[PDB]
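Peer 1: this is the structure alone, sequence omitted:
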Ligand SMILES: Nc1ncnc2c1ncn2[C@@H]1O[C@H](COP(=O)(O)OP(=O)(O)O)[C@@H](O)[C@H]1O
Ligand SMILES: [Mg+2]
């Protein structure tokens, strides 16, 4: 009784196609997946229960559904008929099931699980078929109960997506029922009678998820989302008194499966994924002395302990991208699904007599009551005598629900408000409104802010006054912007500060600006919206987060080709969130994207480097991070921001642990120098000054370097006259470079050295470190060449040495 692993390949999206990406994934049969290395053509061949090819051979119908043209395209209905049929059979049989999707952010976890628009995924049609199969097949005298729950797991904190109650500190409690396993205490479980009910419930759950993602940066790529459906079949008038069969389905959308500082990256964010990699590994290595599987090292592996080798039927969807750039991550995915493929689970039917279940629950209630008796009269650990009362209250609620009829349950739950959504969708046709625009496509156009017909103010102030639109969360000020609506005919947006970075259509805004139909407004952090006036023109709702960020990156690059644009599309939003998090967490640090062009490196064609300039205003220190280092320490920043939002006592943390601080004696790339080697091409011995430029491109100093030819012996060659540098070809000539001295270095620098790599040496030459701001490096190194090659001659005659400066600013 083993797991069911299935991999699925999404098609090329609209930005990978213009990027000219080669397909690196092939599926021969409906079982095998072949990943071929782009630069090596080496193939790795994996086998699974299903290899879903959703890349070729489909056609978008007028309804939007992607129907397969050839018999190889895995449409939504095929993935359903293979896995949702299985989860429905498990639910009807009495086995509790668990389907989870692993994969990279963008590979298609959310598409496979939930779906997107008219291509519905596992959850919707599984719910629909469950309710239909209830209403159709099962006769005799039986009752059927369907309960839905929905939780998010973020930084090891469990948050109830179906509860408007403000969340506790540290998230909801996770306790281990001794017979049933790990569970979430005080998790909302509503009874649903029709498919519309569970649809609206999951809808408001995704609404809460969207609010968390946009206001507190609870990013979907860094969080897990679980939908828990309990299906109960109650049978009466049997040989025994009465019985109930029970199934618990867990549909899990996992987080994205995607140095100088250990503790300043993520530890709590990736934890549930990290140990998920461990557990699987630990479960695969078991194949001859016992090992230990670390379920308790994270919340996810706790809540999926039965799914990962216990009492459950487990299904896995590994979504992979068919592109060159992701070849590594894809492979990792394919390897993860390969390791989990060897997982045997022991699922049993959950039938229990109603009277004996009630009696067991009551005896546990009595055990807890006696525990609190021993509390008040004995040890009375005020920490423990609250945990015990929590458990007693949960048992009490369970007993109260057992006695209750399902009709009374649905009546009580319907007694507790849905007209808010009806009238919201209604007044969206009459009132001007900004709708959400989120990096997770499954959360775009979910929340909405309505613009009153007067002059209102957007800000992070909990209302309590007139003419106020409340935006709460990251980057939003108590008085952010001012909106002026003229009878839903002419709306003007004006920022309340000159130091407030807000954008419209990507172009920055400095004064009163009139909004127009389908404008793309950005307030800060994650507050990216699209304006809609329902009275004028023709509205639009098919605007993706990728379009707005694309135009923002276009305008930013024009201020300061598609490879660079698509990379700013990944870096810029993170830099916005980094600045907002820094200024909110008390860290007086400012991040700004500095890009190094090929021309700045002495090249003609080439990739443009992206750096994140880091200014620590306190201590007044400057740094410069590679984009990757910024990504890792941004993971750290996001973790710290969540720690603050939870109200923890350990968010403001020491220097060695917070991701915003960088020690001052840390070296930083400060200056650039382009030394043209033409002097070597003509075998002349000269030493001149070359401009030193900071990363703004501004020339700030002069670097005297020495250029001279010398024989392979080491002596000064022989005095010929080179008129064309090809005369050097075939001769044994060496060239020494003498980084003599520099002037004009920044006054803040106290130690510096130079770095370069001569032609074909694969040994990064780095000079000694010198004190003053006018340092005498005194470096020298000859570069031998057995035949001076036409490539080397062209190098000397037309290219240049790219010397970079690395310095420190404060003491040691
Ligand atoms: N199998 C697929 N078929 C068609 N489109 C897909 C598929 N998988 C993903 N996509 C597209 O890729 C985009 C991002 O996928 P998403 O569901 O966000 O994956 P993840 O949540 O794992 O990042 C979606 O907008 C969707 O339209
Ligand atoms: Mg997702």
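Peer 2: Perfect, I can see it now. Numbering: from 1, shown residues only. Ligands and ions are numbered 1, 2, ... in the order given.
Peer 1: show me the beta-bridge partners of residue 226.
Peer 2: Here residue 226 sits in beta bridges with residue 151, residue 252, going by DSSP bridges.
Peer 1: what degree of burial does residue 407 show, as a neighbour count?
Peer 2: Using other Cβ atoms under 10 Å, residue 407 has 11 other residues around it. Yep, even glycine has a C-beta here, placed from its N, CA and C like the rest.
Peer 1: where does it land in three-state SS?
Peer 2: helix (DSSP: H, G, I helix; E, B strand; the rest coil).
Peer 1: SS state for the closest residue to ligand 2 within the chain?
Peer 2: Closest residue of the chain to ligand 2, Cβ to the ion: residue 110 (3.4 Å). Put simply, residue 110 is helix when judged by three-state DSSP.
Peer 1: heads up, I number from 406, so please use that
Peer 2: From this message on, residue numbering opens at 406, which makes the last subject residue 515.
Peer 1: is residue 731 in contact with residue 510, as I believe?
Peer 2: No - taking Cβ atoms under 8 Å as the definition, residue 731 is not a contact partner of residue 510, at 10.2 Å.
Peer 1: find the centremost residue of this structure, please.
Peer 2: Centroid-nearest residue in the chain: residue 626, 3.0 Å away (criterion: Cα atoms, centre = their mean).
Peer 1: can you list the residues of the stretch 456-605 of the chain near ligand 1?
Peer 2: 459, 508, 510-516, 521 (Cβ under 6 Å from any ligand atom).
Peer 1: now those as JSON lines including neighbour count?
Peer 2: Formatted as JSON lines, these follow (neighbours: other Cβ atoms under 10 Å):
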{"residue": "459", "neighbour count": "26"}
{"residue": "508", "neighbour count": "30"}
{"residue": "510", "neighbour count": "19"}
{"residue": "511", "neighbour count": "20"}
{"residue": "512", "neighbour count": "28"}
{"residue": "513", "neighbour count": "23"}
{"residue": "514", "neighbour count": "29"}
{"residue": "515", "neighbour count": "23"}
{"residue": "516", "neighbour count": "22"}
{"residue": "521", "neighbour count": "14"}
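Peer 1: for those residues, work out which two are farthest apart.
Peer 2: 459 and 510 (17.4 Å; Cβ to Cβ).
Peer 1: got the residues of this structure near ligand 2?
Peer 2: Proximity of the chain to ligand 2 is confined to 515, 625 under the rule Cβ under 5 Å from the ion.
Peer 1: let's go with 6 Å and repeat that
Peer 2: Residues of the chain lying close to ligand 2 (Cβ under 6 Å from the ion) are 514-515, 625, 658, 845, 847.
Peer 1: with distance to residue 871 added, can I get those residues in JSON lines?
Peer 2: Converted to JSON lines, those look like this (distance: Cβ to Cβ, whole Å):
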{"residue": "514", "distance to residue 871": "45"}
{"residue": "515", "distance to residue 871": "40"}
{"residue": "625", "distance to residue 871": "36"}
{"residue": "658", "distance to residue 871": "41"}
{"residue": "845", "distance to residue 871": "34"}
{"residue": "847", "distance to residue 871": "36"}
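Peer 1: quick one: which of those residues is nearest residue 596?
Peer 2: residue 658 (23.5 Å).
Peer 1: ok, and the closest non-adjacent residue to the closest one?
Peer 2: Leaving aside its sequence neighbours, residue 658 sits nearest to residue 630 (Cβ to Cβ, 6 or more residues apart in numbering; 4.5 Å).
Peer 1: contacting residues around that neighbour?
Peer 2: Listed by Cβ atoms under 8 Å, 6 or more residues apart in numbering, the contact set of residue 630 reads 555-558, 566, 614, 657-658.
Peer 1: repeat that for residue 437.
Peer 2: Applying Cβ under 8 Å, 6+ apart, we find residue 437 in contact with 450-453, 456.
Peer 1: again, 6 Å this time
Peer 2: By Cβ atoms under 6 Å, 6 or more residues apart in numbering, the contact list for residue 437 reads 452, 456.
Peer 1: nearest to ligand 1: which residue in this structure?
Peer 2: Proximity to ligand 1, evaluated over the chain using Cβ to the nearest ligand atom, is greatest for residue 513 at 2.8 Å.
Peer 1: grab the nearest non-local neighbour of that residue.
Peer 2: Looking at residue 513 with Cβ to Cβ, 6+ apart, the closest residue is residue 724, at 3.7 Å.
Peer 1: thought residue 1161 was touching residue 1170, still the case?
Peer 2: Yes - if you go by Cβ atoms under 6 Å, residue 1170 and residue 1161 touch, sitting 5.4 Å apart.
Peer 1: what is the burial count for the residue nearest to the residue of the chain closest to ligand 2 when sequence neighbours are not counted?
Peer 2: Spatially, and ignoring its direct neighbours in sequence, residue 515 is nearest to residue 847 (4.8 Å; Cβ to Cβ, 6+ apart). Per other Cβ under 10 Å, the neighbour tally for residue 847 reads 21.
Peer 1: cool, and the one 10 residues further on?
Peer 2: The local packing of residue 857 (other Cβ under 10 Å) involves 15 other residues.
Peer 1: good, wrapping up.
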